[PDB]
């Protein structure tokens, strides 16, 4: 299947408690491989996956430079946005950026991304054509006119089709024994009496990679779209993921319910029954 590379950066002001903090992380699919933290001691881009440690000292110098520069840029961008919105310096504000690319099984470019959020909501984003911008409000329209005048989209298009793609393919090769694997979910069901009249059936999916998965309950073959409790997919901490889905059932009716698991590491979707 396809693969993605993403970098996520967060800049947070903390008025009266220091200068803004900048954190950046890089992912291939659901595997983190680098980070930078403006508060940390090293002041360096740091490895977080075995397969990136082989990159030489010039990789780390160049990457450290680009991310420290982004850090300074977004620090100034918080000041600019404050001014655009005429917001008070007392407030704590947030600037998030996401960029990266998708490639197919043959490694061809599938999609690029370059987008910003301010205080948790859309600010400006590069459209799929990699030629135009979507601006969320009047402040971002100022930025949009600025970036149109400086041809910023041409530079981001070039990065996304060129360097971003080349890096992803390279990372996919160097970490092939780790990144191109799938781990199928290990599955089971637990049963927890509520009262004398009701019990919870919980359907479990453990140790899977990648994180994408679907768990659904059926009663006599019919979906239980809204009496189902679902938790957010969570990391185990070892590079695999976990999720469960629960349904409240009247005691004696446990056998009418089926749980259904879809994951790309499965050749066929699973059906589980108490």
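Numbering follows the first chain given and starts at 1.
Problem - 172 to 180 versus 127 to 135 - greater average Cα B-factor per the deposited record - result: Higher of the two, by average CA B-factor, is 172 to 180.
Handout entry: Higher-scoring stretch by recorded Cα B factor average, 78 to 86 or 102 to 110
Key = Higher mean C-alpha B-factor: 102 to 110.
Practice task
Go through 193, 185, 167, 120 one by one and give the residue whose Cα B-factor in the PDB entry is largest.
Solution key: Most elevated C-alpha B-factor of the set, per the entry: 193.
Handout entry: Candidate set 115, 143, 200, 72 [ranked by C-alpha B-factor, highest]
Key = Going by the entry's C-alpha B-factors, 200 comes out highest.
Exercise for the section: Report the third (lowest, middle or highest) to which the CA temperature factor of residue 248 belongs, ranking only the modelled residues of the same chain. Expected result: According to the entry, residue 248 has a C-alpha B-factor in the chain's highest third.
Handout entry: residue 21 - which third its CA temperature factor falls in, relative to the rest of the chain
Key = Lowest third.
Exercise for the section: Using the B-factors in the PDB entry, rank residue 231's C-alpha atom against the chain and give the third, lowest, middle or highest. Expected result: Middle third by C-alpha B-factor.
Exercise for the section: Taking the chain's C-alpha temperature factors as the reference, tell me which third residue 52 falls into: lowest, middle or highest. Expected result: Its C-alpha B-factor belongs to the highest third of this chain's values.
Exercise for the section: Could you tell me which third, lowest, middle or highest, the C-alpha B-factor of residue 67 occupies within its chain? Expected result: Answer is middle: the recorded C-alpha B-factor places it there.
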